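Same protein, same chain, two forms; see structure 1 and structure 2 below, as structure tokens.
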Structure 1
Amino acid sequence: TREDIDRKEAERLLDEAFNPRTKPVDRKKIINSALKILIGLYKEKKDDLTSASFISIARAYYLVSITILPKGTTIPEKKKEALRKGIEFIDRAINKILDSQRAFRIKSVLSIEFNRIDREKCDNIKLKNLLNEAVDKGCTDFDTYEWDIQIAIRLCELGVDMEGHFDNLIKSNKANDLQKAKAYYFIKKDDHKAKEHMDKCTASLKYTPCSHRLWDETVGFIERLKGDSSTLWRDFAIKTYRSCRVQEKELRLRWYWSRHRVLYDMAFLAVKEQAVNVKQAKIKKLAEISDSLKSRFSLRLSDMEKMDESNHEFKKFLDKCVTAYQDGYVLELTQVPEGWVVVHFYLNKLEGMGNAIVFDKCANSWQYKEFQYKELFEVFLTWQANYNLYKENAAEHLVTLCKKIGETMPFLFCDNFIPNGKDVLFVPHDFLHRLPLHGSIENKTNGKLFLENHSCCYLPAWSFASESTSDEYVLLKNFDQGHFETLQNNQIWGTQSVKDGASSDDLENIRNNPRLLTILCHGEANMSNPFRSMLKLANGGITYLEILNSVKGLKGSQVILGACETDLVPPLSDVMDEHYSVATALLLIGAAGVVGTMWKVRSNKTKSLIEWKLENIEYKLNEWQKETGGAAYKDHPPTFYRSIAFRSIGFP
């Protein structure tokens, strides 16, 4: 009949899309075309469509959602609808035998993913009853159907007995290690045998990119183990985090998945719970976990959908990541110079407890303390909201923020945690990147600044640490003329420096590794893609992505920026902050040290910073902050606002 040919066209297009060899670009087109052929005749016939054709409606709907990747942090509404649309038609097949066997097989998997991506609409008990009837309907052909093993294994997550069905699925050929490890854990309460099989899963996880379904499932499995007090997540979270490190090393950008932060939080928490040298080996491992999280920044899919050696290398990453998403469904931490102490910061989203990992090279000692960032973040947002409205007039809100930094982080002033004279390198995390950690008031009467005692350097991550011409001072300038005149025409500046209006290509022109490079321009921040953030220079401006590839000369140069970081990075609407500024783009291309203002200050303050750097580059920035203007924070707070605004990003 007409319906027979309809499925004969639609049931082979779906299998063509269902096979792994089909590219995701083609797969999305194939499923939509098959769905258009399928749903198009559903519009013509409505309930006249047979159950077998009603069966295959949901197969397209289940598969069409597979191609609906999350374009942002949240799960898409379109993907949720396709799962909701799929669960409707397949339900219509139940109330309207090989038909019922395969009907409950796909009704259940569509609800399995529906309960996964959106647990509120498809309740756990509702999902439990649905798959419980699959046992009643005997969906236990685990040898031939991959979806079938998913059913008995999503069930034991809920708490169903399934002792009888264990004999089938673990010996089933098409059960993956993560599933086999799950079925070995809660189907029968043998926590021992789940160790070996999941080890194979994590070992195989080093090659499947982070977009794969198994990455989200394996973290969810440890998400189940963690909080169950199973004493097995601690080993498991660390093990899979190791696989993430190997996989991620293959622009310093990573595929975004919601469980990635939980993976690092759970791995960090596992080591923190496990925390002489072996006791301190864990504490160091906290920094490696923390550094690896900040080693690269997650890019939302919509951001990487729209962005040439870097371009060619990126499209391979984008292509490989999208294929794996649909495939599943179908420097040393101690290499720091003596006299320097390094504070690695980690914000845990799992528990509202950030903690700073500190490494004193002179003592060769690893230790950490925990702090509440929940109240500090609100004080930061109060400063951020007030600064964005009033700039220097929000100085009074900066002081209470800097005092809050001291108040909630008192270990910064403790001598044991940070020695009195040791140089402090900061490796902040999330919103602590925006915090002026250097200029923080100790929570005590007439508390001195943290900056006064120690010279503070900032690093986006420890992975940005790196190890020539001593009289060449280049200066770029696209700022208005009236703001920089006496500094503009100083004798020290070299010839290869356009001092009135600079261009994007002229930044790429600097060579020979100058001692000082000055860029004075209006920075502009791309609120979603760090690669698209530009330094407006002449026409168009030069972006973070362009600076990474085009700019090559400034290797080991001490860079000074005239663009406030608040214009280089977007404002913070959440605790997480991985949007890397232009300053760290310079850090990747050598450029040892990038001194720039953390927020908008009057041009005279930047002028004095450059001129004081002109006289002697070896002078520590800390001294200039306390000996000239700042370090007061009580009388004339805007003076303290202007000085503390300058941070030193990048430490060699």
Structure 2
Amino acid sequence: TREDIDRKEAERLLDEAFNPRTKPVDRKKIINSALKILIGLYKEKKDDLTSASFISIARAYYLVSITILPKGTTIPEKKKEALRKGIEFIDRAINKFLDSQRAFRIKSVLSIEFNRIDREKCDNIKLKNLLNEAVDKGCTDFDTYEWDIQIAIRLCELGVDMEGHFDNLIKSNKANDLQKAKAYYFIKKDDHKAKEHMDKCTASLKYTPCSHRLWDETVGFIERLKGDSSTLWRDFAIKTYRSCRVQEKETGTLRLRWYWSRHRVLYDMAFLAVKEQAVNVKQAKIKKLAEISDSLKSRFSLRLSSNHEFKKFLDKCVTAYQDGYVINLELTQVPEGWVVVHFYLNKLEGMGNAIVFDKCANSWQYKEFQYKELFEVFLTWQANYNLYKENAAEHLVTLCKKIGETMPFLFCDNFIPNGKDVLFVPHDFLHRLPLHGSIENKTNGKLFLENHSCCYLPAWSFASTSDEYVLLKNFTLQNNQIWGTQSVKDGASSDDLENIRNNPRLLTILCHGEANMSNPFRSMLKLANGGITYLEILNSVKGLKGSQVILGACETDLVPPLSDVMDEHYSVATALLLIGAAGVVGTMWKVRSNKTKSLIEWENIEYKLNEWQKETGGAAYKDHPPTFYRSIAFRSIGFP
């Protein structure tokens, strides 16, 4: 009939889409066209179609599902939609009926994918029952159908006995190394051959794009191994993390938001593996922990570091950040007397790490802490701040005290020696914490800054003449003769900041600021006319290379309290760091004018920020919480 020829054309289209020869961008379009043909046929025949036509509709829906790559955190709703619709249509095909075997094959693969993405809707026992139905209905043909291999591997992973099809599973040419390893591990328990096949898959991972479902499948395999208390999960996690590193080195900066940020649990798993493996060998393990921690920090920002083309790309990055549609130095290189505290908040476990390197002692050591209570207190501080800026100071102090309570090691002499300058490399919400102002949990406790002149760095990759000052006040010391020719005091002339040259040794942007928690790329320095923002800073201003920027603007270093898909800072101060600024004294929240001007008094570029903060009200946490809040807001960012 007409239905037969229509569905034959749709099946030809789906098969032409199935093979990897076709480009994915047109593969999606031709799968959608085949689905359009099939759905038009289904609508024109309403509820009485040939069973194989319903099976073809379900296969088209599954093929749509297989081409919907998951986003950074949330599974795309079209993926769940197509899986649900395919399952429903193949259920209609099963109720009224080597064709039943392929119907149950498509049903089982659809249900496998639905269980993988939405385990609650397709629970594991129901999936197991339907997988058994499929395998007793002939779903065993390997070396010709990769799907049968998928049912076989899922069945062996649910825990049923699958030793009979092992030989056919392995001899099949269309089985990837991960399915081979799962078969060798789950039914034959051949840990050596499972290790060999997993090593092969991990080596192949160095080239597969992060969008590939093989990444999620191998993360799930190693997760299952870790839950099984297997002895191979550590090496598998470490090697897969090395593969993720080399791959992320070559993915697009847009796909860092989308698909690389998916493999954060993989970095957590590798961190756990190295931590379990952790005298000299132990120190190398500690340094590898630091490397794993730093590899997750500010990767898309690191790629943010002619003009119109870069502006267009930055606009694309901003649209991708908002979940919109886009239209198309070693860690031991610290200078002497400086201690670097690398942080890492493991999300797979409930712990966070504080890998520290002491350069003078050349000593690596980490301490674990519970960041859940500290995170709740930090969110308390952020909510109270966004409601009441200067009246949340008390909470800030509490938060600071929490940093001294959840992290008492910050005040241990053996951890961070007293008097050693500290460079924090925080992770996740610790990026937004005043680690410089942390108060030790002792009677009359001292802040962290008092003992150590502590500066920050969003990631270790950020670490890397003119001798005049170019203050750009837009709010006395504006008439001081130390200000250079390019310095402006009446109108900020944001265009002049775009046109600042000669790599000044210092410049003060005395203006206002807005954090823009909704979109950190429009975090604005309220300069003249249109305020310059993170988007404009990354493109327009180019003079401040090697500069020592001082930011009197409010909320220069304020970020949305909630962590992004990946750990990056997205602040105005980080924006200026991205254009070559050697150091930034950006402000972490709203401040008064008196403290900013006092900062500018400290000419006197070589003077440490810590001496300031000690002198002017920093120690007065019990005396006056508001003066503490005004004091610590100026974190120091950069590397000497």
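Just so we're on the same page, residue numbers count up from 1 along structure 1's sequence. Each form is matched to the other, and the largest set of C-alpha atoms that superpose within 1.5 Å is called the rigid core.
A 2 Å or larger CA shift between structures 1 and 2, after fitting on the rigid core, occurs at just one of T566, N168, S455, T202, namely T566. Superposed on the core, the two forms differ at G553: its CA moves 2 Å or more between structures 1 and 2. Put the two forms on the same core and the Cα of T518 is off by 2 Å or more between structures 1 and 2. A displacement of 2 angstroms or greater separates the C-alpha positions of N32 between structures 1 and 2, with the rigid core held in common.
For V594, the Cα deviation between structures 1 and 2 after core superposition amounts to 1.6 Å. Structural comparison between structures 1 and 2 after rigid-core fitting shows the C-alpha of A183 displaced 0.9 Å. If you overlay the core, the Cα of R21 moves by 3.6 Å between structures 1 and 2.
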